[PDB]
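Participant: no sequence on this one, just coordinates:
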């Protein structure tokens, strides 16, 4: 949202449709996805031995 | 006679703020049936 609600002191008048104004956009947050990898190493020299 | 054209009405305008600007317009014209009917005097010397 990024409300950005800094208030301070606010006391306005009817001074002909104040034009300055202010506006904050919506900020974005984007993560990433990691790739895991676990390898196995086994040889028949020991794969058959009980 | 007075030829009227606008007939002032409830006219509003922009705001651009908290105030409320208003106006009243009117379009009017004079008419005389015959110029040689009435008369006028003009004060001066000589």
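Facilitator: Great, that's in hand. Residues are numbered from 1 along each chain as shown, chains lettered A, B, ... in the order given.

Participant: drop to CA atoms for contacts and neighbour counts, all remaining ones
Facilitator: Noted.

Participant: Could you look up the SS state of residue A:46?
Facilitator: Under DSSP: H, G, I helix; E, B strand; the rest coil, residue A:46 falls in the helix class.

Participant: Run a quick neighbour tally on it.
Facilitator: Neighbours of residue A:46 under the rule other CA atoms under 10 Å in any protein chain shown: 8.

Participant: ok, now residue B:1?
Facilitator: Neighbours of residue B:1 (other CA under 10 Å): 8.

Participant: Hmm, it is touching residue B:30, no?
Facilitator: Yes. Counting by CA atoms under 8 Å, residue B:1 does reach residue B:30; the two are 5.9 Å apart.

Participant: Tell me how many other residues surround the residue lying closest to residue B:2 once chain neighbours are set aside.
Facilitator: Spatial nearest neighbour of residue B:2, chain neighbours left out: residue B:30 (5.0 Å); criterion: CA to CA, 6 or more residues apart in numbering or on different chains. The local packing of residue B:30 (other CA under 10 Å) involves 8 other residues.
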